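The block underneath contains the structure these notes are about, expressed in structure tokens.
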Amino acid sequence: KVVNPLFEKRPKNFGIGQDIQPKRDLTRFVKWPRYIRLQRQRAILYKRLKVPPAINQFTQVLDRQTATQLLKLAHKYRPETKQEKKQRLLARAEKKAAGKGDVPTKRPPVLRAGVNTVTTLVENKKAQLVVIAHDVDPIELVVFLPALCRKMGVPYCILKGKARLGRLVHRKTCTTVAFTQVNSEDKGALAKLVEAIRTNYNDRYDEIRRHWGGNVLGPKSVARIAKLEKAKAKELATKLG
Amino acid sequence: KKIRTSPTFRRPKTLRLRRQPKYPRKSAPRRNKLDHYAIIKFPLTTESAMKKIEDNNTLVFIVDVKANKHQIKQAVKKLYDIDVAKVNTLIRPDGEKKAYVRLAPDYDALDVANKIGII
Amino acid sequence: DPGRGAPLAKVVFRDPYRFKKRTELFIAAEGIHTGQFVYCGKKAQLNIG
RNA sequence: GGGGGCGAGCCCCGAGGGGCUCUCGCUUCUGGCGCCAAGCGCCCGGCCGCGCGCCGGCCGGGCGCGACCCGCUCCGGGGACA
RNA sequence: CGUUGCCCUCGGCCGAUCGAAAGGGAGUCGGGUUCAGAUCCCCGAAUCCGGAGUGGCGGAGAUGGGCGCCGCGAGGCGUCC
Ligand SMILES: [Mg+2]
Numbered sequence: 079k080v081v082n083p084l085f086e087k088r089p090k091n092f093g094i095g096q097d098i099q100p101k102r103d104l105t106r107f108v109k110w111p112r113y114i115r116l117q118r119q120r121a122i123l124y125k126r127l128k129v130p131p132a133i134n135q136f137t138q139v140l141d142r143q144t145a146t147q148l149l150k151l152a153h154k155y156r157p158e159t160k161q162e163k164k165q166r167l168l169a170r171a172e173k174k175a176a177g178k179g180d181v182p183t184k185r186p187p188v189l190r191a192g193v194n195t196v197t198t199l200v201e202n203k204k205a206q207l208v209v210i211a212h213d214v215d216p217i218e219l220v221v222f223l224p225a226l227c228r229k230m231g232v233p234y235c236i237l238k239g240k241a242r243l244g245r246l247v248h249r250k251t252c253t254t255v256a257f258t259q260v261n262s263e264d265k266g267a268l269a270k271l272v273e274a275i276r277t278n279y280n281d282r283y284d285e286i287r288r289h290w291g292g293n294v295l296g297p298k299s300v301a302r303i304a305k306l307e308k309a310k311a312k313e314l315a316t317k318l319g
Numbered sequence: 038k039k040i041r042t043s044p045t046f047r048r049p050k051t052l053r054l055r056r057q058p059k060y061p062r063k064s065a066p067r068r069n070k071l072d073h074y075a076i077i078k079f080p081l082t083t084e085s086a087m088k089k090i091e092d093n094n095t096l097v098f099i100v101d102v103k104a105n106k107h108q109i110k111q112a113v114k115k116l117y118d119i120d121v122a123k124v125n126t127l128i129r130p131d132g133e134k135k136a137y138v139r140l141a142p143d144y145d146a147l148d149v150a151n152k153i154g155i156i
Numbered sequence: 051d052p053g054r055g056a057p058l059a060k061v062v063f064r065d066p067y068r069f070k071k072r073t074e075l076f077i078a079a080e081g082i083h084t085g086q087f088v089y090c091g092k093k094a095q096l097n098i099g
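Residue numbers (UniProt numbering), protein chains in the order written: chain A, 79 to 319; chain B, 38 to 156; chain C, 51 to 99.
Structure below.
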């Protein structure tokens, strides 16, 4: 046989007053440092309070498949990095006194980045699409933008990640993004996105305006209310009906 | 999936580095100003000091007040090529740390006393 | 306990998390004595101390 | 919220069982002991023997259950008044 | 074998610090010696605390009992715990 007698079980009763309790997870009942505790109960306030619609609209962000289309389309029109900038200048300086230097050549189209660059080109109707980030840190930088966009009739969307929006350009975050033009090859793709976007955002802006949305409760309270409602329901439902 | 066993949240033990100074603040190190010399000012030649020398196998000095017995011992050994049994300091009401220094029994105190000048 | 007319009672339990004998100072219920057990909680038996 | 089931109240039931409600999360005769896991389950490194090696042995490790799952305020009590 | 760097592993405290030449607080006593110092100098007997690596040495751990041979026997070897 390959079974010792001696080996036993020795099971521990984790009762009350019995074998001292096992080292279970306490993630819920940890005392958190005042920074953590705050960032968590900021989020709660946003759910608990009555959030007005100019801020609430940024909850309504774009859907995954559409975002992946957009970021693919932007990958074409990311702005020129460093090194690339030197090589563009260096090639021009060599070509001036060597084999005919024209000077201006023809510059390609690219993305437009920060709110101020964008807002001038929604005032000016230069933009075809505007992407906005949903998590700008003081909201006021980007609050008017969607109302301004809908006034000027520029399709706009709200993407997740000021960071991932800002990784199209090569800086930490970016609030906004905009396309003024697009190459003829990629032209039909932008127009496919645009129409899908404006259906979900610009062409229902009245519903967005009205749509308040905080004013939820703690589930722990919600559940307590529902239980009372089930008591009130069973008080007058199973009796008559 | 790393669970909190304890309800505390103590601060995490971050890496911390040694100093790697881009330059030394002070140009070159301060020379020691308490050498074999500056530690032993002079020998007493007092009646009581000579009686200590002649009878107890000691030499009685005045010493710099900052000195340890360890330093004195090392100085006495260095200056007079000698070797010590024990040093036995006090402070004079005057300010000058006196030092009674018992030499080891291979050495005679009166012989060294004659070498250093005093008698 | 100086400055107090009530006597106290060192009552020792077992911490139910760390292997550790925690202890308390109850004010003595009259008729408490040493080598007595002192149960406490919701499901505690309704006797003295 | 479910599991667990010794059981109790109810509902269903084909008497095997299932569902809802309670109940516990299981310790009261003694001036004891009681933590750093047993048990099970699944994986790998090296060495050895069968040689098909996630076959068998020798040595050494890891993860899971054991010790349900999810959640948004640590738990209570107040509270738009103090 | 140390020493350090990194990774994992474990770790409650409880407030930094100051606060007593009468509180707490290891371990020194006899004889001698000076114009003036002595549990402090000298002689002699001690003692505590720290270190002691390479471990300086002994002693303890520990040197049984079995079985098998060979030997007159004291015993020697082989092998099992
Ligand atoms: Mg002090």
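Don't be surprised by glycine CBs; every beta carbon is placed ideally from N, CA and C.
Does the CB of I128(B) have a neighbour CB from chain A at under 7 Å?
The beta carbon of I128(B) sits no closer than 7 Å to any beta carbon of chain A.
If you reduce the DSSP assignment to three classes, tell me which class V138(B) lands in.
In the three-state scheme derived from DSSP, where H, G and I count as helix and E and B as strand, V138(B) is classed as strand.
Using three-state DSSP, classify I82(C) as helix, strand or coil.
In the three-state reduction of the DSSP assignment, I82(C) falls in the coil class, being assigned neither a helical nor a strand state.
Run through chain B and tell me which residues come within less than 8 Å of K101(A), C-beta to C-beta.
Per Cβ cutoff of 8 Å: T42.
Same chain only: Cβ atoms within 8 Å of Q108(B), ignoring 5 sequence neighbours per side
Once the five neighbours on either side are set aside, the close Cβ partners of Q108(B) are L71 and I76.
Neighbouring residues, chain B, relative to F107(A) (Cβ below 7 Å):
Ordered by position in chain B, the residues that pass the 7 Å Cβ test against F107(A) are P44.
Could you tell me which chain A residues have their CB closer than 9 Å to the CB of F69(C), listed as they occur along the chain?
Per Cβ cutoff of 9 Å: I98.
Is it the case that the Cβ atoms of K101(A) and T42(B) are separated by a distance below 7 Å?
If you check the CB distance, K101(A) and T42(B) come in under 7 Å.
Any beta-carbon of chain A closer than 7 Å to the one on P66(C)?
Taking CB atoms only, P66(C) has a neighbour in chain A less than 7 Å away.
Near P131(A), which residues of its chain fall below 7 Å by C-beta distance, leaving aside the five closest residues on each side in sequence?
If the five residues before and after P131(A) are omitted, its C-beta is found closer than 7 Å to the C-beta atoms of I286, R287, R288, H289 and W290, all from its own chain and listed in chain order.
Can you list the alpha helix (DSSP H) stretches of 4 or more residues lying completely in the stretch 176-206 of chain A, in chain order?
Complete alpha helix (DSSP H) runs here, min 4: 193-201.
Quick check on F257(A): buried or exposed, where buried means 16 or more other Cβ atoms within 10 Å of its Cβ?
With 16 or more Cβ atoms within 10 Å of its Cβ, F257(A) is classed as buried.
Cβ of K134(B) within 7 Å of Cβ of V97(B)?
Not closer than 7 Å, so no.
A79(C) versus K92(C): straight-line alpha-carbon distance, rounded
Rounded to whole angstroms, the gap between the alpha carbons of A79(C) and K92(C) is 19 Å.
Let me confirm a value: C90(C) is counted as buried when at least 16 other C-beta atoms fall within 10 Å, else exposed. Which label applies?
Answer is exposed; the Cβ neighbour count stays below 16.
Pair within 7 Å by beta-carbon distance, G99(C) and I77(C):
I77(C) is positioned such that its CB atom lies no closer than 7 Å to that of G99(C).
I'd like to know whether the C-beta of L314(A) is nearer than 7 Å to at least one C-beta of chain B.
So, not an interface residue.
Taking the Cβ atom as the reference point for each residue, do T95(B) and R139(B) lie within a distance shorter than 7 Å?
Contact check for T95(B) against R139(B) passes: the beta carbons are separated by less than 7 Å.
Under 7 Å, Cβ to Cβ, is there at least one residue of chain B near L116(A)?
No - not a single Cβ of chain B is within 7 Å of the one on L116(A).
Report the three-state DSSP secondary structure of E158(A) (helix, strand or coil).
Residue state for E158(A) is assigned as coil, using DSSP reduced to three classes.
Alpha carbons only, please: which of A241(A), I114(A), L207(A) and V208(A) is nearest the one belonging to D215(A)?
The option with the nearest alpha carbon to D215(A) is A241(A).
Within 7 Å, strictly: CB atoms of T137(A) and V193(A)
Cβ distance not < 7 Å, so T137(A) and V193(A) don't count as in contact.
I'd like the span of the beta strand (DSSP E) that includes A256(A), first residue to last.
Where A256(A) is concerned, the enclosing beta strand (DSSP E) stretches over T254 to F257.
Which residues does DSSP pair with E74(C) in a beta bridge?
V61(C), per the DSSP bridge assignment.
Restricting to Cα atoms, I'd like to know which of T126(B), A86(B), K63(B) and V149(B) is closest to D120(B).
When only C-alpha atoms are compared, the closest one is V149(B).
According to DSSP, simplified to helix, strand and coil, what is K78(B)?
In the three-state reduction of the DSSP assignment, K78(B) falls in the strand class.
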